[PDB]
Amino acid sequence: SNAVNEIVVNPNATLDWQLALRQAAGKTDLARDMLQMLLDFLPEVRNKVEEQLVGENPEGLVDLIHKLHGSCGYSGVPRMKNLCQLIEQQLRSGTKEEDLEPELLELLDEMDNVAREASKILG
């Protein structure tokens, strides 16, 4: 099927600011900076994921997804973090990379969703 999942069950599945604060010593400034740094990293990941999706077989995909997974842990982006877990764990279990295209497309979508939520959160 061409379809991927576009249902986000609740906007806190995209950005959970109370989770973000809980991971940043309860500090607004640190949670701010960590979210900013995540947003500034996403385009590098987007570009690699797009290359993968069009058959360029880029080097370093799983290691970059792993890095994004870790980065998510410093903030509060549950859907994104879990997408990274799905992608990496499937890749580690030997799944052909082409089979994971739906999750890669969902990750691209979630990058946009996170940016939208991030642009509002501190007002």
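Note that residue numbering begins at 1 and tracks the sequence as displayed.
Between the stretches 33-41 and 82-90, it is 82-90 that shows the larger average CA temperature factor. For the pair 5-13 and 19-27, the mean Cα B-factor is higher in 5-13. For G76, the recorded CA B-factor ranks within the lowest third of the chain. Only modelled residues enter the ranking. The deposited CA B-factor of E97 belongs to the highest third of values across its chain. Per the deposited record, the Cα B-factor of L68 falls in the lowest third when ranked against the other modelled residues of its chain. In the PDB entry, a CA B factor belonging to the middle third of its chain's modelled residues is recorded for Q52.
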